[PDB]
Structure formats: structure tokens, C-alpha cells
Amino acid sequence: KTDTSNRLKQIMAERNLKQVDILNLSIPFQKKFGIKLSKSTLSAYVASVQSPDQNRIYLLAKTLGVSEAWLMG
């Protein structure tokens, strides 16, 4: 499993957030930064299928209020 997948799952556990909740929290940041994130893409990240690019790492770090550096693994 990728660092990022693990790190996302860690955050989910710490905060009792499901993917649907993360995606919803990301929406204002998607709009703020002009960075899109789909349900399937987020699912693929959590599943360790895909690794986020620079923009989505940034988006997710702002959404979750965590360090970009940490989320990158």
C-alpha cells in the first residue's frame, strides 16, 4: 500500500471520516483552488490504486488540515 493511502486511512480513522465526508469537505477547496477531485479518484487514492499528483496532494492537505509534506509520504 502507498504512503498516501495509508496516510489518508490514518486521517479517516483519527477523525471518524468516511470518503464521502472527505469529498464533501474538499468541495469548497476544489472551488477555491480550481482543483477537481472525483469520487472515483479519491476512491482510487484510498485504495492505493493511484497516487495523487501535486495538485491533489495540496487539495487534500488543505481539506484535511494536515501538512502537504506529511500527506505525500
# chains A, B, ... in the order shown; residues from 1 in each chain; ligands from 1
>>> residues_around(residues="residue 64 in chain A", least_positions_apart="6", cutoff="12 Å", atoms="only C-alpha atoms", output="list in words")
residues 7, 8, 9, 10, 11, 12, 14, 15, 17, 19, 21, 22, 23, 24, 25, 26, 27, 28, 29, 56, 57, 58, 70 and 71 of chain A
>>> residues_around(residues="residue 4 in chain A", least_positions_apart="6", cutoff="8 Å", atoms="only C-alpha atoms", output="PyMOL selection string")
chain A and resi 45-46+48+51-52+71-73
>>> select_by_dssp(residues="range 3-69 of chain A", states="alpha helix (DSSP H)", output="PyMOL selection string")
chain A and resi 3-15+19-33+39-46+54-64+68-69
>>> write_last_selection(atoms="C-alpha atoms", output="CSV table (one decimal), in the first residue's frame")
chain,number,residue,atom,x,y,z
A,3,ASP,CA,2.2,6.0,1.9
A,4,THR,CA,-0.6,8.3,0.8
A,5,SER,CA,-3.3,5.5,1.0
A,6,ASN,CA,-2.1,4.7,4.5
A,7,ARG,CA,-2.0,8.3,5.5
A,8,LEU,CA,-5.5,9.0,4.2
A,9,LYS,CA,-6.7,6.0,6.1
A,10,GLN,CA,-5.0,7.2,9.2
A,11,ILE,CA,-6.6,10.6,9.0
A,12,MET,CA,-10.0,8.9,8.3
A,13,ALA,CA,-9.6,6.8,11.4
A,14,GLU,CA,-8.4,9.7,13.6
A,15,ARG,CA,-11.4,11.8,12.7
A,19,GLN,CA,-14.6,9.1,1.9
A,20,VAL,CA,-18.0,10.7,1.3
A,21,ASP,CA,-17.3,13.1,4.1
A,22,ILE,CA,-13.8,13.9,2.8
A,23,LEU,CA,-15.0,14.5,-0.7
A,24,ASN,CA,-17.7,16.9,0.7
A,25,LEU,CA,-15.2,18.8,2.8
A,26,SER,CA,-13.0,19.1,-0.2
A,27,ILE,CA,-15.6,20.8,-2.3
A,28,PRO,CA,-15.0,24.3,-1.1
A,29,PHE,CA,-11.3,23.8,-1.7
A,30,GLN,CA,-11.9,22.4,-5.1
A,31,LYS,CA,-13.7,25.6,-5.9
A,32,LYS,CA,-11.1,27.8,-4.1
A,33,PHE,CA,-8.1,26.4,-5.9
A,39,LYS,CA,-15.3,10.2,-6.1
A,40,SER,CA,-13.6,7.6,-8.1
A,41,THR,CA,-10.3,9.3,-8.0
A,42,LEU,CA,-10.5,9.7,-4.2
A,43,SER,CA,-11.5,6.0,-4.0
A,44,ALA,CA,-8.5,5.0,-6.1
A,45,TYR,CA,-6.2,7.0,-3.8
A,46,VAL,CA,-7.6,5.4,-0.7
A,54,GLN,CA,0.9,17.7,-6.7
A,55,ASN,CA,-2.4,19.4,-7.0
A,56,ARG,CA,-4.5,16.8,-5.3
A,57,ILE,CA,-2.0,16.4,-2.5
A,58,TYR,CA,-2.4,20.1,-1.9
A,59,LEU,CA,-6.2,19.9,-2.2
A,60,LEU,CA,-6.4,17.0,0.3
A,61,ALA,CA,-3.9,18.6,2.7
A,62,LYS,CA,-6.0,21.8,2.8
A,63,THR,CA,-9.2,19.8,3.1
A,64,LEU,CA,-8.0,17.7,6.0
A,68,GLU,CA,1.2,18.7,2.5
A,69,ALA,CA,4.7,17.2,3.2
>>> closest_residue(among="A:16, A:66, A:1, A:36", to="residue 50 in chain A", atoms="only C-alpha atoms")
A:1
